[PDB]
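In what follows, a single structure is set out as structure tokens and then discussed.
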DNA sequence: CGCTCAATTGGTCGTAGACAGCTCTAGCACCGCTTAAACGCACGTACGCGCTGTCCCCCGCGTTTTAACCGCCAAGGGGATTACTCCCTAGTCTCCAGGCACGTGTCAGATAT
DNA sequence: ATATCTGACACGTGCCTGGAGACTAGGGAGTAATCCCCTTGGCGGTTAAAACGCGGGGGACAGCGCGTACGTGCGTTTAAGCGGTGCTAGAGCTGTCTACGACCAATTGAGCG
């Protein structure tokens, strides 16, 4: 049975800025932690935002509010800018 | 004339859970601070003064062992850099 | 001189690798385990993860300790000057 | 009925929205899940990953290296307080710590 | 108007906290520390309200802000 | 044979104090340092045992330490979890 | 107070481990088309606990001279670092021993096809 | 009755796990000179303390509203599902080169002259 991880997607996103650059498995392990730590933070926050308003769905506006509370700076509205682009183009 | 044995406040403000800031100036304060994100809010009087309680209890938490940090430095007198010690160790400013 | 210790700081910051000897750490870990519950075996990497997390706790404690001594006008550590950490942090 | 595509390809994302939907569902986080949520989440994962990897590239380049090791990510974080306010509760395994001498300790 | 946090208010708070000596240069920077604390707990709280489309800053949303720093309290609908 | 915690050597604490960025080391520090380290293991390994015993396993995994560190807030990367 | 010269550092030899494309294999979980129930929108309609000013004393600031105090250089030796001194147990590594999931056992039957 | 299959009634090795031993030598330890640091003290140099009478604004009383609240119709949404079919990891061994070090002339530091 398989291990499950994010290695190929993090190594894909690395080419989005540094196609010149290689990776050690140890650094791959750090990024394979960082990815699902952001998942652990957001998904719980969104489920709690739903629960704080008694809802059966986590939602686009739930995750937008969770991310709005994940970083205390410009990076939050940059993340919102990427997410609004994604949900817009998916649904158009 | 000079004071002496200045303990009289210590034997009052730790005896009961009295509230120390006055309402209306704190009321405009939080409201005028909120509106730089979003104006045309309405504010529950309970919600603002609950934040007054939390700010006051947190201000006990901004002196209680902060004066112990000065005592570790062998000052009886707190100086601003003590906050820059204690509040960096708690991670609230870096 | 009495002081090339400052170049030790920079050298042990050029370095990153774990500082405690492996088997010695495992002995301490097992001698904390074997009178807590019966016969705890450990995978090597779990012992290494414990070692890293604990050496990180200690490096952080000493970083706070430098602030404690320096803010007390010392460039030397003393036990009381560690002991501010346990009461100020949370534990 | 036709040959398939990932939802990410319509979203303009490279991250895998479908397994995000699976991780939410296997995560049991609510009775239903708005399709907008995992689509947005994939962009969080990209944007937060690319930003730190760029700085990891800087740390490696400046130390004249060509393969990333945990050191580079740790220094990439400590070069940026907007990352330090996220990762301050986190240890980067084997990256060590920021090389730093406080000015009171120096000679003269 | 941050100046509404007056000198005797901070004397009273610190004397509940058991303090002895201060140098007067403490207070004007400590007003700034309370200003950033107060601003952080406000912006987090108000967000839940406006996200829930309510315009009324709700005491629940004050609890859910303080709860994200773990500083739980009851009576306000918890 | 020696069980007496000295495996945390003078040379080890010396180097940890160095990497934390501290200078002169008076001899009183070493035994107190061993104490705080013990108390931290006695927080983490306690819950690691609860993770091992929740599965009724007889061996501690990397997951068993990682989730114990995670629930105690001093989170760790590089090992899954 | 700028020199001698000892102490960390930086370019070349060469070697050897962990990446990176495997290498399709391929085992399977993402999407498509259905099936489909129900919650949250959309939306009236209840309407308080929000925003909005007169009388009235209190909450905070400015002023008295000053020392508890922090920071000063004065006084005051111990014990940590550096260094060379030896004594020892970390790491290494190869062989020991024993646990699990296995396929077919082996023969023959508790339960009923 | 019949076919057959289903636990008693069980000696056959990989993989895996952890154990314990002797040598080697990396390094912990042992001791001591002695500097440089923490230091031990008190005004002397510089500034928090209730007033004490006094100015700045908060509060017990009134007075209106579109918000904050229910809770029904319903339509849009995801759930849940099964086939088809694009994805992702195994493990096998490169093709390395990149990082790993030792050898062997640079730059950074301790002594007073």
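Residue numbering for chain A follows Swiss-Prot, covering 33-124 in order.
So this one's electron microscopy, 4.9 Å, going by the header.
Including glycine, each Cβ sits where the backbone N, Cα and C put it.
Per Swiss-Prot, the feature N6-glutaryllysine maps to A:35, A:44, A:121 (among others); the stated evidence is experimental evidence. Annotated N6-(beta-hydroxybutyryl)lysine per Swiss-Prot: A:35, A:86 (among others), in sequence order, evidence recorded as experimental evidence. Taken from Swiss-Prot, the feature ubiquitin cross-link applies to A:35, A:121. Residues or ranges marked as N6-(2-hydroxyisobutyryl)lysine by Swiss-Prot on the basis of experimental evidence: A:47, A:109 (among others). Per Swiss-Prot, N6,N6,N6-trimethyllysine is recorded for A:86, and the stated evidence type is similarity to another entry. Per Swiss-Prot, omega-N-methylarginine is recorded for A:87 (among others), and the stated evidence type is similarity to another entry. As annotated by Swiss-Prot, O-linked glycosylation site applies to A:113, with the evidence given as similarity to another entry. According to Swiss-Prot, the feature phosphothreonine maps to A:116. What Swiss-Prot lists as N6-malonyllysine is A:117. Positions annotated as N6-succinyllysine by Swiss-Prot: A:121 (among others).
Sequence features annotated in Swiss-Prot and their locations in the structure.
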| residue | record | contacts (Cβ under 8 Å, 6+ apart) |
| --- | --- | --- |
| A:35 | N6-glutaryllysine | none |
| A:44 | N6-glutaryllysine | none |
| A:47 | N6-(2-hydroxyisobutyryl)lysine | none |
| A:86 | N6-(beta-hydroxybutyryl)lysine | none |
| A:87 | omega-N-methylarginine | A:94 |
| A:109 | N6-(2-hydroxyisobutyryl)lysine | none |
| A:113 | O-linked glycosylation site | none |
| A:116 | phosphothreonine | A:96 |
| A:117 | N6-malonyllysine | none |
| A:121 | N6-succinyllysine | none |
For the residue listed as 'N6-malonyllysine', which of the three DSSP-derived states applies: helix, strand, or coil?
helix
Quick one: what's DSSP say for residue A:35 (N6-glutaryllysine), helix, strand or coil?
coil
Near-D candidates in A:35, A:44, A:47, A:86, A:109, A:117, the modified residues, by Cβ under 8 Å:
A:44, A:117
